[PDB]
Amino acid sequence: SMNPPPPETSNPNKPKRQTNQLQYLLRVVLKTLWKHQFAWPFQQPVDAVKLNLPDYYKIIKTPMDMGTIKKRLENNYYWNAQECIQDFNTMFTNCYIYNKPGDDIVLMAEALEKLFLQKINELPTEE
Ligand SMILES: O=c1cc(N2CCOCC2)oc2c(-c3cccc4c3sc3ccccc34)cccc12
Ligand SMILES: [Cl-]
Ligand SMILES: [Cl-]
Ligand SMILES: [Cl-]
């Protein structure tokens, strides 16, 4: 089953702005998760061809990954922190929906999510 185009990271018709929270999401949150030992599966879109998961896009209708998020942050795609936090949450929940509890990929997602929650609890107030 072929992979879809990845989620867009540019769109001149979409509104965007810089906020101190979005800066924090890039410089602190993404940076911290990206370097984790278990980050590598989440640094690019799921490749359902390489992994022989022909049902992946029958089950996961909103794919998301940190490569995409990183590009969205670096390219000033977002309007607010909520848009970016939603992408992270979609990434994690996709993994929990598709896989069995306790599978390695779920444990890896859970480790990143634990760090994510700590950093989101520490989200700065809007300037
Ligand atoms: O929900 C997911 C489910 C699964 N799998 C099902 C269980 O068996 C391992 C693959 O994998 C992933 C992966 C992932 C795991 C292992 C290798 C690779 C990926 S994504 C990718 C892209 C290019 C090359 C290799 C890999 C990442 C995020 C979510 C899932
Ligand atoms: Cl497909
Ligand atoms: Cl493909
Ligand atoms: Cl470690």
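Below, each value reflects all heavy atoms present in this structure, side chains not excepted, and no hydrogens, waters or symmetry copies. When a residue number appears, it is its place in the shown sequence, counting from 1.
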Checklist entry - Which pair of heavy atoms, one from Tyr57 and one from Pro63, lies closest together, and at what distance? => result CE2-CG, 3.9 Å

Checklist entry - Can you name the salt bridge (charged side-chain N to carboxylate O under 4.0 Å, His left out) partners of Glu74, sequence neighbours left out? => result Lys70

Next on the checklist: Minimum heavy-atom separation for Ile105 and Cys95, please, with both atom names.
Outcome noted: O-SG, 3.5 Å

Next on the checklist: According to salt bridge (charged side-chain N to carboxylate O under 4.0 Å, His left out), who are the partners of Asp87, at least two apart in sequence or on a separate chain?
Outcome noted: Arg72

Item to check | Set of residues satisfying ring pair (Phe, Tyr, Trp, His ring centres under 6.0 Å) with respect to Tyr77, sequence neighbours excluded | outcome: none

Checklist entry - Do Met2 and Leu53 share a hydrophobic cluster (ILVMFWY, side-chain heavy atoms under 4.5 Å, transitive)? => result no

Next on the checklist: Can you pull out every side-chain hydrogen bond (donor to acceptor under 3.5 Å, both in side chains) where at least one residue sits in residues 96-106? Sequence neighbours excluded, please.
Outcome noted: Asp55-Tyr98, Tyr96-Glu113

Item to check | Single-linkage hydrophobic cluster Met91~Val28, side-chain heavy atoms < 4.5 angstrom | outcome: yes

Next on the checklist: Quick check against the 3.5 Å criterion: does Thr68 have a side-chain atom that pairs as donor or acceptor with the backbone of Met64?
Outcome noted: no

Checklist entry - Could you give the distance from CG (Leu112) to CZ (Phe88), rounded to the nearest 0.5 Å? => result 9.0 Å

What side-chain donor-acceptor pairs closer than 3.5 Å can you find for residues 15-25, not counting sequence neighbours?
| from | atom 1 | to | atom 2 | distance (Å) |
| --- | --- | --- | --- | --- |
| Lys16 | NZ | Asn11 | O | 2.8 |
| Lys16 | NZ | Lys14 | O | 2.7 |
| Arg17 | NE | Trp79 | O | 2.8 |
| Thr19 | OG1 | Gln21 | N | 3.4 |
| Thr19 | OG1 | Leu22 | N | 3.0 |
| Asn20 | OD1 | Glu127 | N | 2.9 |
| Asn20 | ND2 | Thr125 | O | 2.9 |
| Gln21 | NE2 | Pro124 | O | 2.9 |
| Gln23 | OE1 | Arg27 | NE | 3.4 |
| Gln23 | OE1 | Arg27 | NH2 | 2.8 |
| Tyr24 | OH | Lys119 | O | 2.6 |

Item to check | Selection residues 28-51 - residue pairs positive for side-chain hydrogen bond (donor to acceptor under 3.5 Å, both in side chains), sequence neighbours left out | outcome: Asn3-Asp47

Next on the checklist: Just verifying a value: how many Å separate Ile69 CD1 and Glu83 CD, rounded to the nearest 0.5 Å?
Outcome noted: 12.5 Å

Checklist entry - Is it the case that one hydrophobic cluster holds both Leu123 and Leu26, taking links as side-chain heavy atoms less than 4.5 Å apart, direct or via other members? => result yes

Checklist entry - Does any non-hydrogen side-chain atom of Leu73 lie less than 4.5 Å from one of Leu30? => result yes

Next on the checklist: Please tell me whether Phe92 and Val46 are part of a single hydrophobic cluster in this structure, the criterion being side-chain heavy atoms less than 4.5 Å apart.
Outcome noted: no

Next on the checklist: Run the side chain to side chain contact (heavy atoms under 4.5 Å, CB included) test on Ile120 and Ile85 for me, step by step, so that the C-alpha distance in whole Å, both residues' side-chain angles and the decisive distance to 0.1 Å come before the verdict.
Outcome noted: CA-CA 8 Å; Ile120 296 306; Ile85 292 166; 4.0 Å; yes

Item to check | Atom of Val49, atom of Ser1 and distance for their closest heavy-atom approach | outcome: CG2-O, 3.4 Å

Next on the checklist: Once rounded to the nearest 0.5 Å, what's the spacing between atom NZ of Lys71 and atom CG of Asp65?
Outcome noted: 8.5 Å

Next on the checklist: Would you say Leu51 ends up clustered with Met108 if hydrophobic residues are merged whenever their side chains have heavy atoms under 4.5 Å apart, either directly or through other cluster members?
Outcome noted: no

Next on the checklist: Show the nearest heavy-atom pair for residues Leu33 and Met66, with the distance to one decimal.
Outcome noted: CB-SD, 3.8 Å

